[PDB]
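Note sheet for the following structure.
Using ideal geometry, Cβ is built from the backbone for each residue, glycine included, and neighbour counts are taken over all protein chains shown. The values are calculated or read from the model by the stated rules, or taken from the named source; no laboratory instrument gave them.
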There are 2 protein chains.
Amino acid sequence: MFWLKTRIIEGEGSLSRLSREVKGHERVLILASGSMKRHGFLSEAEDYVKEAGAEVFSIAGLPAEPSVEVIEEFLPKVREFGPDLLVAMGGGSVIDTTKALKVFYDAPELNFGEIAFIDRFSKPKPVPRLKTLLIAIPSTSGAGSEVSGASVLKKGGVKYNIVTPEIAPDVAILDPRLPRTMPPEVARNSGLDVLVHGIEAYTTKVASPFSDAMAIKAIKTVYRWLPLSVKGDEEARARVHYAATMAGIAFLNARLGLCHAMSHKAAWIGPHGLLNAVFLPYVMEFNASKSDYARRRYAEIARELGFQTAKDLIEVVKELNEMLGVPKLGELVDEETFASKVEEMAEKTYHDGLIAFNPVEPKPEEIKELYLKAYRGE
Amino acid sequence: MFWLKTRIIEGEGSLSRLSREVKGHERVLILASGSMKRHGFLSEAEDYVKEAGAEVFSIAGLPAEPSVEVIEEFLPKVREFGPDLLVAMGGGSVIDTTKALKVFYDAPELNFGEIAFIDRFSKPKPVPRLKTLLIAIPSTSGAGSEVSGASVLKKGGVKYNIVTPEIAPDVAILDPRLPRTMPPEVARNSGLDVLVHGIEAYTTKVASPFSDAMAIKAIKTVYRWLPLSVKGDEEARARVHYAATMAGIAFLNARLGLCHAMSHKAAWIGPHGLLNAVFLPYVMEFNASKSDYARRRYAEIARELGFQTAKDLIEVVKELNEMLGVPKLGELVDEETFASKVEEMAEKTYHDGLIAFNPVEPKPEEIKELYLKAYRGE
Ligand SMILES: NC(=O)c1ccc[n+]([C@@H]2O[C@H](COP(=O)([O-])OP(=O)(O)OC[C@H]3O[C@@H](n4cnc5c(N)ncnc54)[C@H](OP(=O)(O)O)[C@@H]3O)[C@@H](O)[C@H]2O)c1
Ligand SMILES: Nc1ncnc2c1ncn2[C@@H]1O[C@H](COP(=O)(O)OP(=O)(O)O)[C@@H](O)[C@H]1OP(=O)(O)O
Ligand SMILES: [Fe+3]
């Protein structure tokens, strides 16, 4: 099974094509991150929507970590303005917020509780056909969220998933100018997100040749270019920006695995892509020892980078962490804070629906010793 | 830009899926190649359709390399029956005929010459929104028509296109069981079409990273696996089947170039896949000699296969043609018939829309020269 609902416009200055894509439309709403205001990209985009003869209304400065509580502040304003096209311009959380917004805006009657996964034993009601077009313009590189029909919200501090094709964007615009404004830390952290997505997508149970083609290329590109991107090279920024969407196309179809689940639960420690990379080598080790499939697949990636064995890949990834100056896990959290929460973290990683796609099904106890190997810096 | 309308369903016995996809509809028309009847797959298809509770009607023995007059006789039939779902089961010829039929079924006020790409320069009448669902099921590996928006009909021993996303199939089902009954020359010819698609789609002016990913995976897979497939290795057949569609996705988006334009105008000579294989090494040499871009992109492909230079790849291709018994051009057509037509072929190739996407635009004189190079078996 391989599909892609989203239509992808890439290119230097491709933001200008927002002119073509809004034709026909009356009242366009842009949700935007702070930085997209500051660096003037929000202005540019506002021009294009006027250019095309439509009303535009902007909310900038949306906070990280999407939540219902946050969305509920705007929602009244959004209803007042009544847009017939949504545009998200920002990172993952701007785009994911905008997806959740479409649901509430197009289907006001729906109950949030009816229609959100929390764990693997959650069945929700499916989401009915929605109507309002969604254009996604990512400014990091990147979350993949601009091609995916998934969105992750908090209500009352609890993490929820919403999963439907209806909220996968109709168009994504990939303009390398935008992520050239990333500071090096955010370049690094989101860039490792891509690599980790790539590798998990390649080693789930539902991988296809088609999703494999996008994963492999994304991996090859991030390995080659990310160190240069982090240091600010213009070309490199553009190459990793496209690789981020490639990996998005891949895990849209193939889903993800144990590293992601573990990094979801460890999210209070620090940033999502940072922890992902920190756990990756340990998760790879676990998967390869227990699974003849994982070992084969890691080995295939290794060869695509001009090495040989699954051991080579794990070492390649440890080395790339060291190169880019990724912290040890115990430079972020003290040992008692950690060992307290570590019982409850391995519990709820077990109840995550993503481990159905992992090439091994771990028990809660094995998961715990993984969190602890990684703290050991083994 | 990158997009994919077609939902792809792949895997062993995935033909059994027809039944879920037709759920909802009442009158199914299957158009099939003769071989699909002979090998029992047509009966299998009909059962699945009946099982979903719809009336089925089959027409089998659609001709290879269809002409425009194929429409005129079959179209009466469709109207007679009046389907709300079309299924094409066969090679590219059959899928293209089904495609063409949808146009004249759903939009009865059109005619081939209005809407068909004849001249580069005289643009044609656009095709309006059509309505009838179309499911493609390729049995060769392959023309890639199961994901493309094109249909190729002969008028007067020359190939022209209809192009619109309205005739890109809604679903493609990829069951390796079907292509496993290809006789080895069909498997050779359609298999080398994949290789040529990949290389051309990698080298157009409009190649994106996204199409490249599909194109490169396609090229690698075919190079490794096609020799085994031609002998009849069951696994190899599966692998080249999925690759055929990868190449399709690539050239849906990146288009094709001079080799295909040349093949289309020389269609009166032989099978599409064969002619392409014959011209390709000459098209590559020509492009390398005129274009730094072509030279560098060929080297990239070369290195993915474990060689160095554009010249390595040209020789790889020559040596695979020989390994697979691909005949010389001088064996397929006599000298004086060729010499009497090569001016006309070159001129019509030059007015073909595809040569705008070629890295270099060649003169009518240069196209003629390339045809002759090919003939001399240089
Ligand atoms: N639209 C596009 O994007 C695109 C691109 C390139 C080429 N094309 C077009 O597609 C055509 C090329 O088609 P193709 O290479 O797929 O082959 P094809 O021309 O559709 O069929 C070739 C032959 O293969 C036989 N056959 C097919 N499947 C078989 C099976 N499973 N077992 C045994 N025999 C089998 C058929 O015999 P029977 O007839 O007896 O069954 C037929 O005579 C050309 O006309 C070309 O113009 C389209
Ligand atoms: N192009 C850019 N330049 C500078 N900072 C950027 C940026 N894109 C995103 N960021 C910042 O990087 C952070 C990461 O955003 P995010 O949480 O959406 O990342 P991700 O895409 O990984 O989900 C944001 O807090 C954002 O700050 P503002 O919202 O204040 O702009
Ligand atoms: Fe072809």
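When each of A:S58, A:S43, A:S122 is tested for being polar (S, T, N, Q) and touching a strand residue (DSSP E or B) at 6+ places or on another chain (Cβ under 7 Å), the lone residue that passes is A:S58. Close contacts from the range B:260-278, counting a first residue that is closer than 13 Å to B:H197 by Cα and a second that is within 16 Å of ligand 2 (Cβ to nearest atom) and outside any helix (DSSP H, G or I), with Cβ to Cβ under 8 Å and a gap of 6+ residues or different chains, come to none at all. Beta carbons closer than 7 Å, at least 6 apart along the sequence or on distinct chains, pair a first residue in the range B:207-235 that is in contact (Cβ under 8 Å) with a residue 12 or more places away in the chain with a second that is of a type in the set (D, E) for B:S208/A:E10; B:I216/B:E304; B:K220/B:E304. If you check every pair at least six apart or on different chains, which have Cβ atoms under 7 Å apart with a residue in the range A:132-146 that is more than 10 Å from ligand 2 (Cβ to nearest atom) first and a residue that is hydroxyl-bearing (S, T, Y) second? Hits for this filter: A:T132/A:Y105; A:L134/A:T98. If you check B:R255, B:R224, B:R177, B:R239 for being within 10 Å of ligand 1 (Cβ to nearest atom) and of a type in the set (D, E, K, R), only one passes: B:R177. How many residues does the range A:1-49 hold that are in contact with a helix residue (DSSP H, G or I) (Cβ under 9 Å, 6 or more places away or on another chain), part of a strand (DSSP E or B) and within 14 Å of chain B (Cβ to nearest Cβ)? Residues meeting the conditions: 8. Of everything listed in (1) on the phi > 0 side of the Ramachandran plot; (2) surrounded by fewer than 20 Cβ atoms within 10 Å (Cβ to Cβ); (3) touching a helix residue (DSSP H, G or I) at 6+ places or on another chain (Cβ under 7 Å), the single unmet condition for B:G53 is (3). Where residues in the range B:8-45 are closer than 17 Å to B:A136 by Cβ and acidic (D, E), which of them is surrounded by the fewest Cβ atoms within 10 Å (Cβ to Cβ)? The selected residue is B:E44. State whether the residues of the range B:254-269 include one that is under 16 Å from B:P359 (Cα atoms) and within 14 Å of another protein chain (Cβ to nearest Cβ). Looking for residues that are under 16 Å from B:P359 (Cα atoms) and within 14 Å of another protein chain (Cβ to nearest Cβ), one finds at least one in the range B:254-269, hence yes.
Taking the criterion of being more than 14 Å from chain B (Cβ to nearest Cβ) and either of a type in the set (A, V, I, L, M, F, W, C) or crowded, with 24+ Cβ neighbours inside 10 Å (or both), would at least one residue in the range A:215-224 satisfy it? No: the range A:215-224 contains no residue that is more than 14 Å from chain B (Cβ to nearest Cβ) and either of a type in the set (A, V, I, L, M, F, W, C) or crowded, with 24+ Cβ neighbours inside 10 Å (or both). Applying the condition of being farther than 18 Å from A:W3 by Cα and under 19 Å from the mean Cα position of the chain (by Cα) to the range B:230-250 and asking which residue is farthest from the other protein chains (Cβ to nearest Cβ) yields B:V230. Please specify each residue of the range B:57-98 satisfying the condition of being more than 16 Å from ligand 3 (Cβ to nearest atom), in a loop (DSSP other than H, G, I, E, B) and among the small types (G, A, S). Listed by number, the residues that qualify are B:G61, B:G82. Tell me, yes or no, whether the range B:286-294 has at least one residue that is within 16 Å of ligand 1 (Cβ to nearest atom), touching a residue at least 12 places away in the same chain (Cβ under 8 Å) and outside the structural domain of B:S148 (by CATH). Checked the range B:286-294: no residue is within 16 Å of ligand 1 (Cβ to nearest atom), touching a residue at least 12 places away in the same chain (Cβ under 8 Å) and outside the structural domain of B:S148 (by CATH). Within the range A:89-142, being among the charged types (D, E, K, R) and crowded, with 19+ Cβ neighbours inside 10 Å holds for A:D96, A:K99, A:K102.
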